[PDB]
Amino acid sequence: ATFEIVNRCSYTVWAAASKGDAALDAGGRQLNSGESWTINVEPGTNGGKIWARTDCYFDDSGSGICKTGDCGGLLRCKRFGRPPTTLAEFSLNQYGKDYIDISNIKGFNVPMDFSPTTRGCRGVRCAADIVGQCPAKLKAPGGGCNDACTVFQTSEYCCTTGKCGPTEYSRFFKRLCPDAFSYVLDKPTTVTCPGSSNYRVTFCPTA
């Protein structure tokens with residue numbers, strides 16, 4: 001499956017794609033304002049994620065650091081990135097179908113649209129100004145808006161015991177972005193697409 005990753009933001013981002021234990025495709029690449037990078041993700045990929053990283057420096061071997069989304073200091077990500085990271089999440093060819101969603105469970109750094117380029121389902125979007133409206137105690141000094149598990153490390157925010165409910169913090173994400181996961185047990189906003197669909201992830205989809 002192809003995922004076209006498009007940076008409409010006015011600033012550079014370093015796209016990242018991983019299923020947690022491995023890169024997807026090259027795993028990472030710089031996208032200047034306007035650039036598009038198309039990756040190929042193996043069918044049957046379960047638990048894939050694509051995200052943006054901001055204010056990165058890499059040296060000539062592709063080692064450095066990002067202020068959001070850093071995946072162990074590599075340009076080419078093999079693991080998930082350091083919150084805060086808006087997440088495009090997908091599992092492909094799961095008993096005949098694809099599942100996609102955007103999640104704020106690991107915070108928000110960059111607005112995002114996650115849409116199929118092929119027929120038979122709809123896309124999802126979290127494009128509100130969550131960084132600018134971010135509650136005081138969630139603001140990440142490094143840039144972006146942390147989820148409350150990251151900040152406070154409690155069973156309630158992290159949903160460790162599998163029994164959490166919504167919170168004042170999760171409700172901020174859900175109000176700004178109703179169509180993205182705001183906490184682990186949020187009512188699902190997952191979209192079912194045909195097996196083997198193709199996709200576009202657009203950073204900053206709106207002015």
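The chain is numbered in sequence order, starting from 1.
Pairing each heavy atom of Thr161 with each of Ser155, the nearest pair is CG2-CB, 4.3 Å. Nearest heavy atoms, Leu138 versus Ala148: CD2-CA, 4.2 Å. The nearest pair of heavy atoms linking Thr160 to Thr154 is OG1-O, 4.3 Å.
Residues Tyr11 and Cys204 meet the side-chain proximity criterion, which asks for heavy atoms closer than 4.5 Å. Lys174 places a side-chain heavy atom less than 4.5 Å from the side chain of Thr189. Side-chain atoms of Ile130 and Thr86, non-hydrogen and from C-beta on, never get closer than 4.5 Å to each other. Side-chain contact between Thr192 and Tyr99 is present, with at least one heavy-atom pair separated by less than 4.5 Å. No side-chain heavy atom of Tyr169 sits less than 4.5 Å from a side-chain heavy atom of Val151. Side-chain contact between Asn93 and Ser196: present, with at least one pair of heavy atoms (C-beta onward) separated by less than 4.5 Å. Between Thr206 and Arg125, the closest side-chain pair of non-hydrogen atoms falls below 4.5 Å. Taking 4.5 Å as the limit, every side-chain heavy atom of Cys126 sits out of range of all side-chain heavy atoms of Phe114.
By the side-chain hydrogen bond (donor to acceptor under 3.5 Å, both in side chains) test, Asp98 is found to be paired with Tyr199, residues two or more places apart in sequence or in another chain being considered.
Here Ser63 contributes atom OG and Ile65 contributes atom CD1; the two are 11.5 Å apart, rounded to the nearest 0.5 Å.
The main-chain N or O of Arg200 is never found under 3.5 Å from a side-chain atom of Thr117 such that the two would form a donor-acceptor pair. A side-chain donor-acceptor contact under 3.5 Å links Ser91 to the backbone of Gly47.
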Residues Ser33, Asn7; criterion side chain to side chain donor-acceptor pair (under 3.5 Å); working and verdict: CA-CA 6 Å; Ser33 176; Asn7 187 23; 5.5 Å; no
Would you please test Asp186 and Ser170 for side-chain contact (heavy atoms from CB on, under 4.5 Å) and show each step? CA-CA 9 Å; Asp186 209 347; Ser170 72; over 6 Å; no
Pair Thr12-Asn32, side chain to side chain donor-acceptor pair (under 3.5 Å): steps then yes or no: CA-CA 4 Å; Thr12 302; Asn32 294 321; 3.1 Å; yes
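Heavy-atom neighbours of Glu42 CD from other residues, nucleotides or ligands within 6.0 Å: at or below the threshold of 12. The number of heavy atoms from other shown groups lying within 6.0 Å of NZ (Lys106) does not exceed 12.
Between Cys158 and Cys164, the SG-SG separation does not fall below 2.5 Å.
Side-chain polar atoms of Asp55 and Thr68 form no donor-acceptor pair below 3.5 angstrom.
Taking hydrophobic clusters as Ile, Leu, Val, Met, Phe, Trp and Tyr residues chained together by side-chain heavy-atom distances below 4.5 Å, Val13 shares a cluster with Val201.
Sequence neighbours left out, the pairs with a member in residues 72-107 that pass disulfide (SG to SG under 2.5 Å) are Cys71-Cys77.
Between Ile105 and the choices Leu87, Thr150, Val184, the side chain to side chain contact (heavy atoms under 4.5 Å, CB included) rule is met once, by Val184.
Apart from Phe58 itself, the hydrophobic cluster it occupies contains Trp14, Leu75, where clustering links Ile, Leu, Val, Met, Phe, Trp and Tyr at side-chain heavy-atom distances under 4.5 Å.
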